[PDB]
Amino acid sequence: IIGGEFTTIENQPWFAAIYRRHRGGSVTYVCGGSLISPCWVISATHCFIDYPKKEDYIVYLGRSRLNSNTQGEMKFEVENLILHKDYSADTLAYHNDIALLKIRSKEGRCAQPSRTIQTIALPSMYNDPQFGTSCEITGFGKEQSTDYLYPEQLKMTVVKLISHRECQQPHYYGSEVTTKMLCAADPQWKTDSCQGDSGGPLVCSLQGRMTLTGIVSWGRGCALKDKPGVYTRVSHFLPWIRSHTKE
């Protein structure tokens, strides 16, 4: 996250931290995700495509720091890794960039909710907020594009939704933005998602509910003029989600 502010898991308790194990034993951060039910985490397919073996992943919930444990955190193995069948990647962007992870502990249990571990509500089909609405993004992604390292402390910021019309202009992304994507940005372009925020939540309060509106997917640079962040439009994928979550 470029700009914004440091936060803790209590402010975003559905945030899932996803890591990949290596052979000689080292564990490294992969992507963000969002807890949508005790046994299920939603993220982005591009996080996993290159290594799509479930045994390779660990999920943490209740975790505020990247490479240090947070008191109360829970570790999970990935029982099932579900990648979207129509996923693709261009020279530029990803399509159908959505994934589901069924989590279970070594004890055979799903997530136990707490002050640091909560689920987030899904949206209503084909219902997204108005353009110009302010929403939250969260993650452990870079604080500046030039950084080599990732913050050890979780961060969050605010960006405003951009009209499909506006984001589709060549000044911006032209035809690369489809209707299954949502754009959002800072009006000064001063704050944004960046590398390592992928798979994480875009959260808006539509009506009275905090709701998972988008999943961090792509963009050109970070906090770059006329180049907004692009998010998997979750309200267009509800049949896919409910289908693969009924087990």
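In case it trips you up, residue 1 is the first one in the sequence shown, and so on.
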Taking the deposited Cα B-factors and averaging over 174-182 and over 57-65, the higher mean is found in 174-182
Mean CA temperature factor from the deposited coordinates, higher in 124-132 or in 95-103?
124-132
Between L35, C222, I215, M210, let me know which has the highest C-alpha B-factor in the entry?
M210
Residue, from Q71, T157, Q168, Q144, that the PDB entry assigns the highest Cα B-factor:
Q168
Of the three thirds of its chain by CA temperature factor, lowest, middle or highest, which one includes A44?
lowest
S163 CA temperature factor, ranked by third within the chain:
highest
Ranked by Cα temperature factor within the chain, is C110 in the lowest third, the middle third or the highest third?
highest
Tertile call for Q153 (CA temperature factor, within chain, third-based) is the lowest
Split the chain's modelled residues into thirds by Cα B-factor; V203 lands in the middle
